[PDB]
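What follows is one structure encoded as structure tokens, with my remarks underneath.
We place every Cβ from the backbone using ideal geometry, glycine too, and count neighbours over all the protein chains shown. Only the coordinates and a few stated rules stand behind these numbers; no lab work does.
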Amino acid sequence: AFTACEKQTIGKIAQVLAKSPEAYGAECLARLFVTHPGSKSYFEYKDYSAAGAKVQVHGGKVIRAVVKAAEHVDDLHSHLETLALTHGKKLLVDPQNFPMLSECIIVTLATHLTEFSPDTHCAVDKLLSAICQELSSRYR
Amino acid sequence: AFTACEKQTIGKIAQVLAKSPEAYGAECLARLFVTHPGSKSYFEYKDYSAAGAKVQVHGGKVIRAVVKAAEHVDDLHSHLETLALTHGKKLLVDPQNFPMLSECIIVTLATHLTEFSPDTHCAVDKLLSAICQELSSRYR
Amino acid sequence: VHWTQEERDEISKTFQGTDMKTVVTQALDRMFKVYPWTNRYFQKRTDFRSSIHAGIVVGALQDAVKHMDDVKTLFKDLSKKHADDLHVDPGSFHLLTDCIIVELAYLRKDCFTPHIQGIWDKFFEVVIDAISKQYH
Amino acid sequence: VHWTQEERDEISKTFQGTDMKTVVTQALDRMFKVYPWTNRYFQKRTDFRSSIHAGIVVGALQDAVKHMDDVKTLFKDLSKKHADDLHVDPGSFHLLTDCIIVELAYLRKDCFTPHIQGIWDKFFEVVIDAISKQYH
Ligand code: HEM
Ligand code: HEM
Ligand code: HEM
Ligand code: HEM
């Protein structure tokens, strides 16, 4: 589902994210918390901004996972299996939240990347879409 | 991701729908047109009620495809490929509509079926979701 | 939101002539099975009962039906209670109301027409909005 | 909708101090690539130009900002146009506004903070609701 050209772009974005997972992830979550206040209900934090320590720790786990998924595109179903069960069977996070964070990750990259063409935007969106698909596959 | 138990319920429900595809399908579309008016944008009909001749023909095409998908549940991806190419490359129907119609099919089944317990609902909801994901897979 | 007399009547009459407690009880159970993640909030309350909860939910809806033109003001506290106290993901609100519509459909059968479904959809949309308002 | 003093300025100052016609032209091009099905409305319009259409789209938004207190009333005719004459799927409206936000973020880089994004998010929410009102 990923042309050879999309994997190259995905491969470029993953290296930018891997440099500062806490900072990037924290910004992604802060945007999600502002635009969709309902998603805050899963976290018991005192600070919901990107400056929060808890937000940065969680944001770090989230972004590193994306980086790894970008590494395992040829088999996202098998690579993401464990995280899906954790979300679907243990955390029980409403899957409707996944696509909302995807859009916030996209806005975050747009404010940081030097080049974020519609072509690059499309490849990233397709990767985030596939990850959201896998993360909601083991709820029922 | 379909257990043998969900396979029997699905096949049992595909049997019921096959009896009168047009009537069930017409009702499904009428609920969609009432609850999500924006979806009327794809059809140039004068009558958007269950009695409309054009709604009956389309309703029938939709349910027959559902019945056939229920029969090829073991290979949904290769079976719905042609149908997926049609919506994504020719009709260009915004994918956000698929899940909307799935809920109306569920409501339609509840008003007809003698028994529609949470378990049957879940099995049917899982088939429609799988069908919606295949139908949204060839847009970009 | 503006209500027509027909819509007011459909909603008010159903609440006075249908056993909404049973309908909501079955809707909750349906919800826990079709959308398992919603169990999150109750797996912790050891003595939780669908029957009792439904009664508490119907008591609020019954109230919304009486002040249908001011559901936002009426549910202000209930909304704050769900956001700050219970921490219920507002995205889950429609999962319950959607299940109530399935139960109403299953109960009224061919009498639950697309038009009638539209009235209930509209009503639940107003209720979801009112109860999701105080989420900051 | 009640707009704080902070939001009113953020929105108006931008339409004032920024080249919004270029932002929406790129937003349109971005939407056509990321969400390919939105191209269907222009596949038969032989003389279509992204930059021309954008000036027209920005025109309505500028008018919405001038009347930020009652966009709903202002957009009534425009909404009927999209619903009855143009037959545009209302569920596609946010695909363009979402792309406008991506262009604003790419433009303001680190100045497009989560809080600032929330302002624009609420604004386009009000605009999408106003342009979708007359779909019956
Ligand atoms: C779409 C991208 C997402 C990815 C890749 C992702 C990734 C992760 C990872 C790697 C963990 C830690 C796994 C572990 O330690 O076992 C985690 C934890 C968690 N996730 Fe997700 N997640 C995503 C979206 C979401 C969303 C949108 C929410 C809700 C708004 C959410 C809520 C949680 C919660 C509550 C935890 C537990 C954190 C804790 O208790 O410390 N996740 N996620
Ligand atoms: C359960 C999901 C759906 C199924 C199984 C389905 C199935 C079909 C089938 C079998 C056809 C006939 C294709 C052909 O002529 O070769 C079709 C056509 C079409 N579908 Fe879908 N469809 C679904 C959802 C939707 C939705 C939600 C919309 C939009 C609101 C939509 C809009 C259309 C349109 C515009 C056509 C063309 C109608 C015509 O040729 O007169 N479909 N669909
Ligand atoms: C949309 C319709 C809903 C209405 C009108 C509603 C109404 C109520 C009311 C009136 C209460 C009692 C308030 C109090 O304790 O003082 C309550 C409690 C609660 N609600 Fe909601 N609610 C709704 C949906 C939901 C949903 C979908 C969930 C989550 C899946 C939820 C979870 C809870 C929980 C966890 C409690 C407290 C449980 C307990 O104390 O036994 N509610 N709700
Ligand atoms: C919410 C943002 C939008 C605004 C403010 C907006 C505004 C406008 C305006 C002012 C017109 C002119 C109406 C007239 O003829 O007097 C128009 C035309 C049109 N709009 Fe929208 N629109 C928006 C989004 C969309 C979207 C997302 C699509 C579809 C992808 C769309 C498709 C069209 C089409 C097809 C025309 C006709 C243009 C032509 O004839 O070349 N609009 N819109």
For this session: Report, by residue number, each residue of segment C:1-14 that is assigned to a helix (DSSP H, G or I) and closer than 21 Å to C:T73 by Cα.
Result: C:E7, C:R8, C:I11, C:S12
Exercise. Can you name the number of the only condition in (1) closer than 17 Å to A:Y42 by Cα; (2) among the polar types (S, T, N, Q); (3) away from chain B (no Cβ under 14 Å); (4) part of a helix (DSSP H, G or I) that C:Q134 fails?
Worked result: (4)
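Identify, from the list D:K72, D:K44, D:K80, the residue that is in contact with a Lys or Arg (Cβ under 7 Å, 6 or more places away or on another chain), within 14 Å of another protein chain (Cβ to nearest Cβ) and away from ligand 3 (no atom under 16 Å from the Cβ). Full working, then the answer.
Working: D:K44 fails: in contact with a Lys or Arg (Cβ under 7 Å, 6 or more places away or on another chain); D:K80 fails: in contact with a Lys or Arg (Cβ under 7 Å, 6 or more places away or on another chain).
The conditions single out D:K72.
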Exercise. Out of curiosity, is B:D94 without any contact (Cβ under 8 Å) to a residue 60 or more places away in the chain, more than 16 Å from ligand 3 (Cβ to nearest atom) and within 18 Å of C:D98 (Cα to Cα)?
Worked result: no
For this session: Would you please list the contacts, defined by Cβ atoms under 6 Å and residues six or more apart or on different chains, that run from a residue in segment D:105-116 that is closer than 15 Å to D:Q26 by Cα to a residue that is in a helix (DSSP H, G or I)?
Result: D:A105/A:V107; D:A105/A:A110; D:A105/A:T111; D:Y106/A:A110
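Of C:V102, C:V23, C:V88, which residue is within 16 Å of ligand 1 (Cβ to nearest atom), among the aliphatic types (A, V, I, L, M) and under 16 Å from the mean Cα position of the chain (by Cα)? Even if it seems obvious, please write down each step before you answer.
On the way: C:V102 fails: within 16 Å of ligand 1 (Cβ to nearest atom); C:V23 fails: within 16 Å of ligand 1 (Cβ to nearest atom).
Only one candidate qualifies: C:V88.
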Exercise. Are any residues in segment A:58-109 near ligand 1 (Cβ under 10 Å from one of its atoms), away from chain C (no Cβ under 14 Å) and not in a helix (DSSP H, G or I), and if so, which ones?
Worked result: A:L80
Exercise. Of all residues in segment D:83-106, which are within 7 Å of another protein chain (Cβ to nearest Cβ) and not in a helix (DSSP H, G or I)?
Worked result: D:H87, D:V88, D:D89
Exercise. Of the residues B:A51, B:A30, which is more than 11 Å from ligand 2 (Cβ to nearest atom), within 12 Å of another protein chain (Cβ to nearest Cβ) and part of a helix (DSSP H, G or I)?
Worked result: B:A30
Seminar exercise, completed: When (1) surrounded by fewer than 20 Cβ atoms within 10 Å (Cβ to Cβ); (2) within 14 Å of chain B (Cβ to nearest Cβ) are applied to D:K66, the one that fails is (2)
Problem set entry | Filter result (among the hydroxyl-bearing types (S, T, Y) and under 22 Å from D:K133 (Cα atoms)) within segment D:42-79 | D:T73, D:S79
Exercise. Out of (1) more than 11 Å from ligand 2 (Cβ to nearest atom); (2) in contact (Cβ under 8 Å) with a residue 40 or more places away in the chain; (3) surrounded by fewer than 18 Cβ atoms within 10 Å (Cβ to Cβ), the odd one out for B:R64 is which?
Worked result: (1)
Exercise. Quick one: what pairs do we get from segment D:27-50, first residue without any contact (Cβ under 8 Å) to a residue 60 or more places away in the chain, second among the basic types (K, R), C-beta under 7 Å, 6+ apart or different chains?
Worked result: D:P36/B:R140
Exercise. Using beta carbons and a limit of 9 Å, which pairs, at least six apart or on different chains, have the first residue in segment C:63-76 and at negative phi and the second one of a type in the set (F, W, Y) and in a helix (DSSP H, G or I)?
Worked result: C:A64/C:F123; C:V65/C:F15; C:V65/C:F123; C:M68/C:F123
